[PDB]
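Shown next: upload_32.pdb, containing PDB, C-alpha atoms.
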```pdb
ATOM      1  CA  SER A  32      36.470  54.229 -23.349
ATOM      2  CA  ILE A  33      33.934  51.610 -24.622
ATOM      3  CA  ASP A  34      33.186  48.318 -22.862
ATOM      4  CA  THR A  35      33.687  45.417 -25.269
ATOM      5  CA  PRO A  36      32.282  42.256 -23.641
ATOM      6  CA  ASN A  37      33.440  38.963 -25.081
ATOM      7  CA  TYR A  38      31.610  35.591 -25.403
ATOM      8  CA  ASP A  39      32.622  34.627 -21.822
ATOM      9  CA  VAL A  40      30.249  37.180 -20.175
ATOM     10  CA  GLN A  41      27.221  36.522 -22.463
ATOM     11  CA  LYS A  42      25.523  34.252 -19.800
ATOM     12  CA  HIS A  43      26.043  36.985 -17.120
ATOM     13  CA  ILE A  44      24.605  39.794 -19.300
ATOM     14  CA  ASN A  45      21.576  37.591 -20.186
ATOM     15  CA  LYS A  46      21.026  37.053 -16.375
ATOM     16  CA  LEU A  47      21.218  40.877 -15.879
ATOM     17  CA  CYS A  48      18.533  41.279 -18.610
ATOM     18  CA  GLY A  49      16.457  38.587 -16.880
ATOM     19  CA  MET A  50      16.812  40.273 -13.456
ATOM     20  CA  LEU A  51      15.282  43.456 -14.885
ATOM     21  CA  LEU A  52      12.523  41.399 -16.699
ATOM     22  CA  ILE A  53      11.397  39.743 -13.419
ATOM     23  CA  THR A  54      11.424  43.103 -11.515
ATOM     24  CA  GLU A  55       8.026  44.593 -10.719
ATOM     25  CA  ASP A  56       8.020  48.250 -11.900
ATOM     26  CA  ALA A  57      11.718  47.855 -12.930
ATOM     27  CA  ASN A  58      13.772  51.026 -13.582
ATOM     28  CA  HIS A  59      14.786  50.583 -17.200
ATOM     29  CA  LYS A  60      17.260  53.581 -17.222
ATOM     30  CA  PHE A  61      20.166  51.204 -18.018
ATOM     31  CA  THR A  62      18.291  48.588 -20.143
ATOM     32  CA  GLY A  63      19.289  50.194 -23.468
ATOM     33  CA  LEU A  64      22.992  49.984 -22.425
ATOM     34  CA  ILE A  65      22.620  46.450 -20.935
ATOM     35  CA  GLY A  66      20.821  45.238 -24.082
ATOM     36  CA  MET A  67      23.670  46.724 -26.205
ATOM     37  CA  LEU A  68      26.228  44.986 -23.973
ATOM     38  CA  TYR A  69      24.297  41.704 -24.599
ATOM     39  CA  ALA A  70      24.453  42.284 -28.406
ATOM     40  CA  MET A  71      28.229  43.011 -28.153
ATOM     41  CA  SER A  72      28.837  39.804 -26.093
ATOM     42  CA  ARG A  73      26.933  37.870 -28.827
ATOM     43  CA  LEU A  74      29.060  39.520 -31.603
ATOM     44  CA  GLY A  75      32.230  39.047 -29.478
ATOM     45  CA  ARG A  76      35.036  41.499 -28.515
ATOM     46  CA  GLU A  77      36.985  41.063 -31.831
ATOM     47  CA  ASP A  78      33.967  41.682 -34.127
ATOM     48  CA  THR A  79      32.685  44.563 -31.930
ATOM     49  CA  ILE A  80      36.038  46.463 -32.100
ATOM     50  CA  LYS A  81      36.144  45.675 -35.870
ATOM     51  CA  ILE A  82      32.610  47.136 -36.433
ATOM     52  CA  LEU A  83      33.448  50.383 -34.517
ATOM     53  CA  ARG A  84      36.863  50.908 -36.153
ATOM     54  CA  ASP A  85      35.338  50.175 -39.633
ATOM     55  CA  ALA A  86      32.522  52.641 -38.922
ATOM     56  CA  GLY A  87      35.184  55.306 -38.257
ATOM     57  CA  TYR A  88      34.832  55.443 -34.430
ATOM     58  CA  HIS A  89      38.075  55.711 -32.321
ATOM     59  CA  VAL A  90      37.904  52.952 -29.654
ATOM     60  CA  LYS A  91      39.708  52.471 -26.285
ATOM     61  CA  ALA A  92      38.519  48.902 -25.558
ATOM     62  CA  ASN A  93      37.736  48.025 -21.912
ATOM     63  CA  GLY A  94      37.972  44.321 -21.031
ATOM     64  CA  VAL A  95      34.878  42.911 -19.332
ATOM     65  CA  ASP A  96      35.411  40.286 -16.563
ATOM     66  CA  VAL A  97      33.248  38.785 -13.806
ATOM     67  CA  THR A  98      34.294  39.742 -10.244
ATOM     68  CA  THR A  99      32.839  38.768  -6.838
ATOM     69  CA  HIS A 100      31.826  41.787  -4.770
ATOM     70  CA  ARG A 101      31.102  41.483  -1.026
ATOM     71  CA  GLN A 102      28.369  43.882   0.223
ATOM     72  CA  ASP A 103      26.251  44.234   3.430
ATOM     73  CA  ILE A 104      22.474  44.000   2.706
ATOM     74  CA  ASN A 105      20.054  43.922   5.698
ATOM     75  CA  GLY A 106      22.900  43.246   8.171
ATOM     76  CA  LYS A 107      24.049  40.055   6.366
ATOM     77  CA  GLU A 108      27.169  40.069   4.100
ATOM     78  CA  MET A 109      26.313  39.026   0.530
ATOM     79  CA  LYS A 110      28.409  37.905  -2.467
ATOM     80  CA  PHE A 111      27.484  39.399  -5.829
ATOM     81  CA  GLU A 112      28.789  38.471  -9.232
ATOM     82  CA  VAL A 113      29.359  41.763 -11.102
ATOM     83  CA  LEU A 114      30.953  42.818 -14.409
ATOM     84  CA  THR A 115      33.918  45.183 -14.660
ATOM     85  CA  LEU A 116      32.151  47.893 -16.695
ATOM     86  CA  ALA A 117      33.238  51.565 -17.171
ATOM     87  CA  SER A 118      29.648  52.409 -18.299
ATOM     88  CA  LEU A 119      27.838  50.618 -15.373
ATOM     89  CA  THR A 120      28.873  50.901 -11.663
ATOM     90  CA  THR A 121      29.101  47.926  -9.186
ATOM     91  CA  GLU A 122      26.382  49.721  -7.092
ATOM     92  CA  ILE A 123      23.876  49.856 -10.068
ATOM     93  CA  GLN A 124      24.494  46.163 -10.899
ATOM     94  CA  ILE A 125      24.039  45.065  -7.241
ATOM     95  CA  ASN A 126      20.835  47.188  -6.894
ATOM     96  CA  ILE A 127      19.451  45.490 -10.019
ATOM     97  CA  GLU A 128      20.089  42.080  -8.303
ATOM     98  CA  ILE A 129      18.639  43.288  -4.915
ATOM     99  CA  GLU A 130      15.391  44.580  -6.510
ATOM    100  CA  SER A 131      15.012  41.362  -8.621
ATOM    101  CA  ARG A 132      15.537  39.147  -5.510
ATOM    102  CA  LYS A 133      12.638  41.140  -3.823
ATOM    103  CA  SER A 134      10.408  40.412  -6.876
ATOM    104  CA  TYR A 135      11.544  36.753  -6.913
ATOM    105  CA  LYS A 136      10.590  36.244  -3.199
ATOM    106  CA  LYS A 137       7.117  37.751  -3.978
ATOM    107  CA  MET A 138       6.755  35.176  -6.827
ATOM    108  CA  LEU A 139       7.726  32.270  -4.484
ATOM    109  CA  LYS A 140       5.115  33.477  -1.978
ATOM    110  CA  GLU A 141       2.547  33.567  -4.836
ATOM    111  CA  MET A 142       3.182  30.307  -6.846
ATOM    112  CA  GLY A 143       5.908  28.265  -5.061
ATOM    113  CA  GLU A 144       9.134  27.537  -7.010
ATOM    114  CA  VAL A 145       9.266  29.323 -10.332
ATOM    115  CA  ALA A 146       9.210  27.491 -13.745
ATOM    116  CA  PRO A 147      12.346  27.927 -15.978
ATOM    117  CA  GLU A 148      10.566  30.309 -18.451
ATOM    118  CA  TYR A 149       9.559  32.687 -15.588
ATOM    119  CA  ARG A 150      13.071  32.987 -14.058
ATOM    120  CA  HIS A 151      15.741  35.707 -14.485
ATOM    121  CA  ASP A 152      18.182  33.107 -15.899
ATOM    122  CA  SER A 153      15.925  31.831 -18.813
ATOM    123  CA  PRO A 154      18.215  31.715 -21.887
ATOM    124  CA  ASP A 155      16.011  34.037 -23.989
ATOM    125  CA  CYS A 156      15.938  37.135 -21.615
ATOM    126  CA  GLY A 157      18.653  39.047 -23.525
ATOM    127  CA  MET A 158      16.817  38.369 -26.823
ATOM    128  CA  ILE A 159      13.494  39.524 -25.313
ATOM    129  CA  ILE A 160      15.199  42.902 -24.531
ATOM    130  CA  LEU A 161      16.731  43.036 -28.028
ATOM    131  CA  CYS A 162      13.195  42.529 -29.531
ATOM    132  CA  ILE A 163      12.295  45.995 -28.212
ATOM    133  CA  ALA A 164      15.627  47.356 -29.708
ATOM    134  CA  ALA A 165      14.500  45.793 -33.100
ATOM    135  CA  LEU A 166      11.243  47.751 -32.922
ATOM    136  CA  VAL A 167      13.066  50.992 -32.036
ATOM    137  CA  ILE A 168      15.569  50.533 -34.928
ATOM    138  CA  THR A 169      12.666  50.288 -37.414
ATOM    139  CA  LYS A 170      11.134  53.585 -36.158
ATOM    140  CA  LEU A 171      14.586  55.303 -36.297
ATOM    141  CA  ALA A 172      14.937  53.961 -39.923
ATOM    142  CA  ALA A 173      11.345  55.057 -40.918
ATOM    143  CA  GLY A 174      11.768  58.665 -39.596
ATOM    144  CA  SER A 177       7.868  60.085 -32.372
ATOM    145  CA  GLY A 178       7.382  56.358 -33.294
ATOM    146  CA  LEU A 179       7.153  55.449 -29.543
ATOM    147  CA  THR A 180       3.292  54.926 -29.488
ATOM    148  CA  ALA A 181       3.684  52.474 -32.430
ATOM    149  CA  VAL A 182       6.608  50.640 -30.703
ATOM    150  CA  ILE A 183       4.498  49.984 -27.507
ATOM    151  CA  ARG A 184       1.442  48.793 -29.496
ATOM    152  CA  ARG A 185       3.490  46.628 -31.858
ATOM    153  CA  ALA A 186       5.341  45.193 -28.763
ATOM    154  CA  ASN A 187       2.116  44.243 -26.825
ATOM    155  CA  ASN A 188       0.939  42.170 -29.840
ATOM    156  CA  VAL A 189       4.218  40.548 -31.000
ATOM    157  CA  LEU A 190       5.553  40.000 -27.389
ATOM    158  CA  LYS A 191       2.284  38.859 -25.791
ATOM    159  CA  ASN A 192       3.665  35.505 -24.467
ATOM    160  CA  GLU A 193       6.844  37.177 -23.173
ATOM    161  CA  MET A 194       4.877  39.968 -21.367
ATOM    162  CA  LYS A 195       2.794  37.204 -19.712
ATOM    163  CA  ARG A 196       6.097  35.565 -18.547
ATOM    164  CA  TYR A 197       7.786  38.821 -17.319
ATOM    165  CA  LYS A 198       6.379  41.579 -15.034
ATOM    166  CA  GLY A 199       9.361  43.877 -15.902
ATOM    167  CA  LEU A 200       8.765  43.610 -19.701
ATOM    168  CA  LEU A 201       7.520  47.225 -19.903
ATOM    169  CA  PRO A 202       7.661  48.219 -23.609
ATOM    170  CA  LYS A 203       7.351  52.007 -22.981
ATOM    171  CA  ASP A 204      10.335  52.090 -20.563
ATOM    172  CA  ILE A 205      12.523  49.671 -22.548
ATOM    173  CA  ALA A 206      11.794  51.496 -25.902
ATOM    174  CA  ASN A 207      12.591  54.860 -24.288
ATOM    175  CA  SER A 208      15.888  53.408 -22.899
ATOM    176  CA  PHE A 209      16.886  52.207 -26.422
ATOM    177  CA  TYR A 210      15.882  55.537 -28.056
ATOM    178  CA  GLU A 211      18.012  57.262 -25.406
ATOM    179  CA  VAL A 212      21.124  55.006 -26.022
ATOM    180  CA  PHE A 213      20.932  55.243 -29.841
ATOM    181  CA  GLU A 214      20.639  59.078 -29.584
ATOM    182  CA  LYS A 215      23.400  59.403 -26.917
ATOM    183  CA  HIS A 216      25.725  56.686 -28.424
ATOM    184  CA  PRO A 217      25.075  56.406 -32.225
ATOM    185  CA  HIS A 218      27.884  53.808 -32.585
ATOM    186  CA  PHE A 219      25.463  51.336 -30.945
ATOM    187  CA  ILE A 220      23.227  51.610 -34.078
ATOM    188  CA  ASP A 221      26.111  50.126 -36.171
ATOM    189  CA  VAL A 222      26.679  47.401 -33.512
ATOM    190  CA  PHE A 223      22.969  46.525 -33.364
ATOM    191  CA  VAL A 224      22.550  46.372 -37.156
ATOM    192  CA  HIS A 225      25.592  44.026 -37.539
ATOM    193  CA  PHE A 226      24.245  41.924 -34.644
ATOM    194  CA  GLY A 227      20.760  41.709 -36.259
ATOM    195  CA  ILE A 228      22.111  40.838 -39.771
ATOM    196  CA  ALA A 229      24.325  38.097 -38.265
ATOM    197  CA  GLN A 230      21.550  36.772 -35.973
ATOM    198  CA  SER A 231      18.765  36.639 -38.616
ATOM    199  CA  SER A 232      21.030  34.293 -40.657
ATOM    200  CA  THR A 233      21.001  31.549 -37.881
ATOM    201  CA  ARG A 234      18.483  28.739 -38.553
ATOM    202  CA  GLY A 235      15.926  27.479 -36.004
ATOM    203  CA  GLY A 236      16.404  28.070 -32.323
ATOM    204  CA  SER A 237      13.966  29.555 -29.817
ATOM    205  CA  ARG A 238      10.561  31.253 -30.193
ATOM    206  CA  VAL A 239      12.136  34.620 -29.181
ATOM    207  CA  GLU A 240      15.132  34.210 -31.608
ATOM    208  CA  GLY A 241      12.457  33.696 -34.296
ATOM    209  CA  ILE A 242      10.414  36.740 -33.148
ATOM    210  CA  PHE A 243      13.586  38.900 -33.224
ATOM    211  CA  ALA A 244      14.520  37.711 -36.783
ATOM    212  CA  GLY A 245      11.030  38.627 -38.067
ATOM    213  CA  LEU A 246      11.091  42.019 -36.316
ATOM    214  CA  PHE A 247      14.606  42.783 -37.647
ATOM    215  CA  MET A 248      13.713  41.737 -41.266
ATOM    216  CA  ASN A 249      10.751  44.203 -41.098
ATOM    217  CA  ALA A 250      13.178  47.237 -40.958
ATOM    218  CA  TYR A 251      13.516  46.721 -44.802
ATOM    219  CA  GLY A 252      10.140  45.146 -45.884
TER
END
```
Mind turning the file's structure into structure tokens?
Amino acid sequence: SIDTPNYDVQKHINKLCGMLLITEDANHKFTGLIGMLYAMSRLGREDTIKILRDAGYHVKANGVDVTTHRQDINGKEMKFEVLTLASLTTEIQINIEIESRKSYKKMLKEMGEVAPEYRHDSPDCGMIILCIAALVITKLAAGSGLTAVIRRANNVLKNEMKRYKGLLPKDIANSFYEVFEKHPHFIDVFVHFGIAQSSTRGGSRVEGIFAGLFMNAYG
């Protein structure tokens, strides 16, 4: 049973990436999976299932929808927008939002309202996560390469690290290494995503950084 998010939940998954990126000392245990879900929502359900079936994997596709979950946090009832995922519980998703809201309040207290580029909903958060996945893919293709991933990430993602407290290269790289080892079918998904993406012209600074990083896995 593999979650196959479609284009409709792309905005939500990007927001989930952003929530982790704004979290001080964020637990990146699920970032590899979340980043892969972002890549799949960018490729779309149809292309994702096609890639897996073509690669020889047997796939029981799970539809991904947005549902409103009511939960009591600090005595007050709260409404959370969550995704119907077999791989990621409602509890984990809500805890990611709770922890990010704690970080966000700390930011308000520090600088007043937060600029678009420093928020959890900035359109390039998913791509920032996938930049780490691009570095990991290169070191899985070249042959252990974790020290090199961190150092290459601090240089290439210097502006992004300045924008996001939760952009922790060591933790994110480890989470991607872990998912590609545990679920090798994600390697095929990522590679198709990266080939397709690096074809697109212009766009954001981060889309450009990703394309350069991805192209480097060849020369």
Which residues match the PyMOL selection byres ((chain A and resi 161) around 10) in the file above, as a list in words?
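Against this file, the PyMOL selection byres ((chain A and resi 161) around 10) returns the residues residues 48, 62, 63, 65, 66, 67, 69, 70, 155, 156, 157, 158, 159, 160, 162, 163, 164, 165, 166, 167, 205, 209, 223, 227, 239, 240, 243 and 247 of chain A.
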Please produce, as CSV, a per-residue contact table for segment 32-91 of chain A versus segment 146-153 of chain A (criterion: any atom at most 8 Å away, all atoms listed in the file considered), showing the nearest atom pair and its distance in Å to one decimal, sorted by chain then residue number.
```
residue,atom,partner,partner_atom,distance
A:45,CA,A:152,CA,7.1
A:46,CA,A:152,CA,4.9
A:47,CA,A:151,CA,7.7
A:48,CA,A:151,CA,7.5
A:49,CA,A:151,CA,3.8
A:50,CA,A:151,CA,4.8
A:51,CA,A:151,CA,7.8
A:52,CA,A:151,CA,6.9
A:53,CA,A:151,CA,6.0
```
Under the rule that only C-alpha atoms are counted, which of A:144, A:104, A:172, A:129 is the nearest residue to residue 213 of chain A?
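When distances to residue 213 of chain A are compared using only C-alpha atoms, the smallest one comes from A:172.
Candidate residues A:123, A:171, A:40, A:189 were compared for distance to residue 74 of chain A, and the nearest is A:40, using only C-alpha atoms.
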As a check of understanding, name the residues that the PyMOL selection byres ((chain A and resi 97) around 8) selects in the supplied structure, as a PDB file with C-alpha atoms, in the frame of the given file.
```pdb
ATOM      1  CA  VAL A  40      30.249  37.180 -20.175  1.00  0.00           C
ATOM      2  CA  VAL A  95      34.878  42.911 -19.332  1.00  0.00           C
ATOM      3  CA  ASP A  96      35.411  40.286 -16.563  1.00  0.00           C
ATOM      4  CA  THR A  98      34.294  39.742 -10.244  1.00  0.00           C
ATOM      5  CA  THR A  99      32.839  38.768  -6.838  1.00  0.00           C
ATOM      6  CA  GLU A 112      28.789  38.471  -9.232  1.00  0.00           C
ATOM      7  CA  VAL A 113      29.359  41.763 -11.102  1.00  0.00           C
ATOM      8  CA  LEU A 114      30.953  42.818 -14.409  1.00  0.00           C
ATOM      9  CA  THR A 115      33.918  45.183 -14.660  1.00  0.00           C
TER      10      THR A 115
END
```
Nearest residue to residue 231 of chain A out of A:249, A:37, A:215, A:143, using all atoms listed in the file?
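That would be A:249, the residue with the smallest distance to residue 231 of chain A.
You will find atom CA of residue 183 of chain A at 7.6 Å from atom CA of residue 206 of chain A.
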So how many Å separate atom CA of residue 59 of chain A and atom CA of residue 204 of chain A, to one decimal?
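Calculated distance between atom CA of residue 59 of chain A and atom CA of residue 204 of chain A is 5.8 Å.
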For atom CA of residue 39 of chain A and atom CA of residue 100 of chain A, quote the distance in Å rounded to one decimal.
18.5 Å
Segment 77-96 of chain A: axis-aligned bounding box, 6 Å on each side, centre and edge lengths in Å, one decimal, as JSON:
```
{"center_x": 36.1, "center_y": 48.0, "center_z": -28.1, "size_x": 19.2, "size_y": 27.4, "size_z": 35.1}
```
Skip residue 222 of chain A itself and residues of its chain fewer than 3 positions away, then list as number ranges by chain all residues within 8 Å of it, counting only C-alpha atoms.
A: 67, 70-71, 79, 82-83, 218-219, 225-226
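With only C-alpha atoms as the atoms that count, the minimum distance from residue 188 of chain A to the choices A:33, A:202, A:103, A:124 is reached by A:202.
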